[PDB]
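Please read the structure below before turning to the comments.
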Amino acid sequence: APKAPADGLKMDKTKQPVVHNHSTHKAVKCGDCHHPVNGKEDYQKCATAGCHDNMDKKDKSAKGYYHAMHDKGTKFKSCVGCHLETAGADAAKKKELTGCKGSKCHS
Ligand code: HEM
Ligand code: HEM
Ligand code: HEM
Ligand code: HEM
């Protein structure tokens, strides 16, 4: 089985880079994020060519990188989508986990 990498991983395809820690996500199954493609969980970098390689932040296709990290209603929960559910009605956790600035994702 593939192993989780070290914490402190920077996602840096954009000018708004974000650090991802596997240890804080250890209760989420690996394949919720490294989701099936052609029937197999895919552990390539999310923006690999042919994957979420469209860097237009307005794109909502299966290639849109921004969309895959921020939007609701997606086949797999996105970073923000899952965090909204986690925060619930708690506005402090909404700021921390889903705020566009001043949050745990973006300063
Ligand atoms: C579950 C224990 C689990 C495994 C296994 C796993 C593996 C993994 C690898 C091998 C990488 C590095 C990919 C590379 O070649 O650089 C990696 C990276 C990311 N992961 Fe992961 N991962 C596991 C679990 C989870 C969970 C539960 C999430 C989602 C909450 C998740 C997400 C990510 C992200 C994002 C990356 C960075 C990929 C990128 O920037 O393209 N992982 N993981
Ligand atoms: C990297 C860890 C990674 C993330 C994050 C990610 C997210 C993601 C979401 C949120 C969706 C749903 C979008 C929607 O509008 O429903 C989604 C869908 C697909 N992805 Fe993805 N994805 C990550 C990694 C990868 C990799 C490495 C590839 C390419 C091999 C890839 C591809 C796709 C495709 C295709 C879809 C659509 C799948 C289908 O409808 O069953 N993703 N991804
Ligand atoms: C998507 C790639 C993604 C990112 C980025 C991300 C970030 C993140 C941060 C920065 C935290 C705070 C802790 C830390 O610094 O590591 C955090 C915390 C939680 N997350 Fe997350 N997260 C991403 C994805 C997802 C997804 C897809 C889920 C659920 C399916 C999820 C869940 C959680 C949970 C739960 C936490 C803990 C919340 C807290 O209050 O302590 N994340 N994430
Ligand atoms: C709040 C809804 C919110 C906004 C708005 C937002 C914006 C934003 C921008 C403009 C980028 C860069 C896009 C580009 O291509 O130029 C970006 C990138 C990432 N974000 Fe974000 N973001 C908002 C909220 C959050 C939160 C709360 C998280 C984490 C749960 C998060 C995550 C990400 C990730 C991952 C990226 C990509 C980082 C990279 O590869 O450089 N965003 N966001």
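By convention here, the chains of the structure tokens are called A, B, ... in the order presented, each chain's residues are numbered starting at 1, and ligands are numbered starting at 1 in the order presented.
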Would you mind listing the residues within 12 Å of ligand 2, counting only C-alpha atoms and all ligand atoms, as a PyMOL selection string? chain A and resi 4+9+11+20+22+29-54+59-82
Take the residues that were just selected and, keeping C-alpha atoms, output them as a tab-separated table (two decimals), in the first residue's frame.
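Here's the written file part_36.tsv:
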```
chain	number	residue	atom	x	y	z
A	4	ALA	CA	1.21	8.88	3.64
A	9	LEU	CA	3.53	19.39	2.25
A	11	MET	CA	0.60	22.73	-2.53
A	20	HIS	CA	-1.44	20.09	3.76
A	22	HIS	CA	-1.78	14.12	6.38
A	29	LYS	CA	-9.94	7.31	4.06
A	30	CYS	CA	-7.05	7.77	1.68
A	31	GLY	CA	-9.33	7.20	-1.30
A	32	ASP	CA	-11.71	10.01	-0.41
A	33	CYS	CA	-8.97	12.33	-1.59
A	34	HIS	CA	-6.82	10.04	-3.78
A	35	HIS	CA	-10.02	9.02	-5.46
A	36	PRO	CA	-10.73	6.28	-7.98
A	37	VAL	CA	-9.96	6.97	-11.63
A	38	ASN	CA	-10.73	4.12	-14.06
A	39	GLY	CA	-11.62	2.05	-11.00
A	40	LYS	CA	-8.35	2.51	-9.11
A	41	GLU	CA	-7.48	5.06	-6.41
A	42	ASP	CA	-5.06	7.45	-8.02
A	43	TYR	CA	-2.21	8.75	-5.87
A	44	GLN	CA	-0.63	11.09	-8.49
A	45	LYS	CA	-0.35	14.79	-7.73
A	46	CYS	CA	-3.76	16.34	-8.20
A	47	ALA	CA	-2.62	18.71	-11.02
A	48	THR	CA	-0.90	15.99	-13.06
A	49	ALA	CA	-1.43	16.44	-16.78
A	50	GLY	CA	-4.87	15.10	-17.69
A	51	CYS	CA	-6.05	15.42	-14.04
A	52	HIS	CA	-6.81	18.80	-12.41
A	53	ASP	CA	-4.41	20.67	-14.70
A	54	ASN	CA	-6.64	23.63	-15.66
A	59	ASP	CA	-13.33	26.38	-14.54
A	60	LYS	CA	-15.84	23.88	-13.11
A	61	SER	CA	-14.84	20.90	-15.24
A	62	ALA	CA	-13.06	17.79	-14.01
A	63	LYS	CA	-9.81	19.51	-14.96
A	64	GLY	CA	-10.37	22.64	-12.81
A	65	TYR	CA	-7.78	22.74	-10.01
A	66	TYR	CA	-9.43	25.56	-8.02
A	67	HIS	CA	-12.81	23.83	-8.34
A	68	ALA	CA	-11.40	20.56	-6.93
A	69	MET	CA	-10.18	22.35	-3.78
A	70	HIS	CA	-12.99	24.83	-3.11
A	71	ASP	CA	-16.42	23.84	-4.43
A	72	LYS	CA	-19.46	22.14	-2.96
A	73	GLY	CA	-21.61	19.56	-4.65
A	74	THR	CA	-18.61	17.64	-6.01
A	75	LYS	CA	-18.44	13.88	-6.41
A	76	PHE	CA	-15.69	13.75	-3.82
A	77	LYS	CA	-15.76	16.38	-1.04
A	78	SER	CA	-13.29	19.19	-1.71
A	79	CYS	CA	-11.09	20.73	0.96
A	80	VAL	CA	-13.61	23.54	1.55
A	81	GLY	CA	-16.67	21.36	1.09
A	82	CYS	CA	-15.61	18.87	3.73
```
Each chain A residue no farther than 7 Å from ligand 4, nearest pair in Å, only C-alpha atoms and all ligand atoms, as JSON lines:
```
{"residue": "A:11", "atom": "CA", "partner": "ligand 4", "partner_atom_place_in_ligand_line": "40 (O)", "distance": 3.9}
{"residue": "A:12", "atom": "CA", "partner": "ligand 4", "partner_atom_place_in_ligand_line": "41 (O)", "distance": 3.5}
{"residue": "A:13", "atom": "CA", "partner": "ligand 4", "partner_atom_place_in_ligand_line": "40 (O)", "distance": 3.7}
{"residue": "A:14", "atom": "CA", "partner": "ligand 4", "partner_atom_place_in_ligand_line": "41 (O)", "distance": 3.4}
{"residue": "A:15", "atom": "CA", "partner": "ligand 4", "partner_atom_place_in_ligand_line": "41 (O)", "distance": 5.7}
{"residue": "A:16", "atom": "CA", "partner": "ligand 4", "partner_atom_place_in_ligand_line": "12 (C)", "distance": 4.8}
{"residue": "A:17", "atom": "CA", "partner": "ligand 4", "partner_atom_place_in_ligand_line": "41 (O)", "distance": 3.5}
{"residue": "A:18", "atom": "CA", "partner": "ligand 4", "partner_atom_place_in_ligand_line": "38 (C)", "distance": 4.8}
{"residue": "A:55", "atom": "CA", "partner": "ligand 4", "partner_atom_place_in_ligand_line": "15 (O)", "distance": 5.2}
{"residue": "A:56", "atom": "CA", "partner": "ligand 4", "partner_atom_place_in_ligand_line": "15 (O)", "distance": 6.2}
{"residue": "A:57", "atom": "CA", "partner": "ligand 4", "partner_atom_place_in_ligand_line": "15 (O)", "distance": 5.2}
{"residue": "A:66", "atom": "CA", "partner": "ligand 4", "partner_atom_place_in_ligand_line": "13 (C)", "distance": 5.8}
{"residue": "A:69", "atom": "CA", "partner": "ligand 4", "partner_atom_place_in_ligand_line": "35 (C)", "distance": 5.4}
{"residue": "A:70", "atom": "CA", "partner": "ligand 4", "partner_atom_place_in_ligand_line": "42 (N)", "distance": 6.0}
{"residue": "A:79", "atom": "CA", "partner": "ligand 4", "partner_atom_place_in_ligand_line": "30 (C)", "distance": 4.4}
{"residue": "A:80", "atom": "CA", "partner": "ligand 4", "partner_atom_place_in_ligand_line": "30 (C)", "distance": 4.5}
{"residue": "A:83", "atom": "CA", "partner": "ligand 4", "partner_atom_place_in_ligand_line": "30 (C)", "distance": 6.3}
{"residue": "A:97", "atom": "CA", "partner": "ligand 4", "partner_atom_place_in_ligand_line": "27 (C)", "distance": 5.1}
{"residue": "A:98", "atom": "CA", "partner": "ligand 4", "partner_atom_place_in_ligand_line": "27 (C)", "distance": 3.5}
{"residue": "A:99", "atom": "CA", "partner": "ligand 4", "partner_atom_place_in_ligand_line": "27 (C)", "distance": 4.9}
{"residue": "A:100", "atom": "CA", "partner": "ligand 4", "partner_atom_place_in_ligand_line": "1 (C)", "distance": 3.2}
{"residue": "A:101", "atom": "CA", "partner": "ligand 4", "partner_atom_place_in_ligand_line": "3 (C)", "distance": 6.9}
{"residue": "A:103", "atom": "CA", "partner": "ligand 4", "partner_atom_place_in_ligand_line": "27 (C)", "distance": 6.1}
{"residue": "A:104", "atom": "CA", "partner": "ligand 4", "partner_atom_place_in_ligand_line": "27 (C)", "distance": 6.7}
{"residue": "A:105", "atom": "CA", "partner": "ligand 4", "partner_atom_place_in_ligand_line": "29 (C)", "distance": 4.2}
{"residue": "A:106", "atom": "CA", "partner": "ligand 4", "partner_atom_place_in_ligand_line": "25 (C)", "distance": 6.3}
```
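With CA of residue 7 in chain A on one side and CA of residue 23 in chain A on the other, the separation reads 6.7 Å.
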Among range 4-101 of chain A, which residues does DSSP mark as strand (DSSP E or B) when it is run on the backbone? Keep the chain and numbering as in the structure and answer as a ChimeraX atom specification. /A:9-11,18-20,36-37,40-41,54,64
Restricting to only C-alpha atoms and all ligand atoms, whichever of A:94, A:25, A:10, A:3 is closest to ligand 3 is A:25
